[PDB]
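Take a look at this single chain, the form deposited in one PDB entry, given in structure tokens.
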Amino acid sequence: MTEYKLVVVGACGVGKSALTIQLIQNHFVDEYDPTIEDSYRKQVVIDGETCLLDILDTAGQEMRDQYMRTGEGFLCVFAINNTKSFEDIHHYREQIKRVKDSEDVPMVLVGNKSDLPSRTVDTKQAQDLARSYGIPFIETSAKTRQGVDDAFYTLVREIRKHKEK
């Protein structure tokens, strides 16, 4: 069983906890406690490989540098109806680059809440940013579970592309 250490980063309220809960439990949580920062496991077969995913759901206030230093891949999450959350991505990416001392860190940009009407961040802005960074862009809904598996599996794939597993 190969382990993958994943970290989910991004602003409060973008749906980090809700995505993580969906992947594991196939349940959408309407409110999940914003101060619960924890680590979750999921055994999944991806491309004929039994993976044990170790997902840190970041939370709390602004041991951290430990998961950040050793995490193999990062989900950088904004909400499509939260312009500030999107603007914040630059900071998360910068800081991840710093800790890894690398422009090439396995990462996926996730634009969540795709079910909500009238996005304030359009797919073009999100694609432009992902392209600049050399990373995939995936739109999700934790509410409906759409793109949720795609985000996490694509991250596992970006990790493999970077390093032997």
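Start at 1 with the first residue shown and count on from there.
Keep in mind that the form deposited with a small molecule bound is not shown, yet the notes after this line are about it.
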Just to confirm, residue 102 within 4.5 Å of the small molecule in the bound PDB entry by heavy atoms? no
Touches the small molecule in the bound PDB entry: residue 132 (any heavy atom, 4.5 Å): no
Contact between residue 38 and the small molecule in the bound PDB entry at 4.5 Å, heavy atoms? yes
The small molecule contact at residue 70 in the bound PDB entry, heavy atom, 4.5 Å: yes
